[PDB]
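# Structural overview for review
What follows is each chain in one-letter form.
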Amino acid sequence: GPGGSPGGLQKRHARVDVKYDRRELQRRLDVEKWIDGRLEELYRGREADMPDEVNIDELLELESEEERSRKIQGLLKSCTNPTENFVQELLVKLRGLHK
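Residues numbered from 1 in each chain as written, not as in the entry; some residues may be left out. Heavy atoms only, no water.

Per the deposited record, solution NMR is how this structure was determined.

Shown next as structure tokens:
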């Protein structure tokens, strides 16, 4: 089709709206809200281009949990604060998601 103003196809990589499948179990929907609240507080005056990703299931997609914590640190390694509170509040709030 005609070009001119490219938009709609991938707007950016450091910004995403839907990260998980918040549906059926309202618990997942609480995780998304927690991310908006925690992520908005994890930086507050610091973009750092954000992490290349956020959903560990996209890079890990495994069953072990000890590896999930390493993927979260390497993911937010570019950010400022560590993800120790995110790895805990996220693993304690969900602790499942596609077993």
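## Let's talk about the nonpolar core
Among the nonpolar cores identified, the biggest contains 21 residues, and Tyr20, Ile35, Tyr43 and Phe86 are the most heavily contacted of them. Put simply, the parts of the chain that give this core at least two residues each are α1 (26-42), α3 (66-75) and α4 (84-93). The greatest single-element share of this core, amounting to five residues, is contributed by α1. (Core = buried A, V, L, I, M, F, W, Y, C linked by side-chain atoms within 4.5 Å. Buried < 20%, exposed > 50% of the residue type's maximum accessible area, 1.4 Å probe, protein only. Helix = DSSP H or I, 4+ residues; strand = E, 2+ residues; numbered from the N terminus.)

## Concerning the pattern of salt bridges
All chains considered together, the criterion is met by three salt bridges. For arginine 22, the salt bridge is made with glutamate 32, and the minimal N-O distance between the two is 2.8 Å. One end of the pair, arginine 22, is in the segment before α1; the other, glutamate 32, is in helix α1, with 10 residues separating them in the sequence. Judged by its relative accessible area of 25%, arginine 22 is partly exposed. Residue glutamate 32 is classed as buried on the basis of its relative accessible area, which comes to 4%. Salt-bridge contacts for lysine 93 lead to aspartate 30; the nearest nitrogen and oxygen are separated by 4.0 Å. Of this pair, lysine 93 sits in helix α4 while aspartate 30 sits in helix α1, and the two are 63 residues apart along the sequence. (Salt bridge = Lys/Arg side-chain N within 4 Å of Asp/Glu carboxyl O.)

## Concerning the side chain of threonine 83
Mapped onto the fold, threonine 83 is located in the loop between α3 and α4. Look at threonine 83 and you get buried, because its relative accessible area is 4%. With near-sequence residues (within four places) excluded, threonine 83 lies in contact with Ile72, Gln73 and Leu76. (Contact = heavy atoms within 4.5 Å.)

## A few points about unusual backbone geometry
A positive phi angle, near 50°, is found at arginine 44, a position not held by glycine. Mapping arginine 44 onto the fold places it in the loop between α1 and α2 (56-59). With relative accessibility at 67%, the residue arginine 44 sits in the exposed group.

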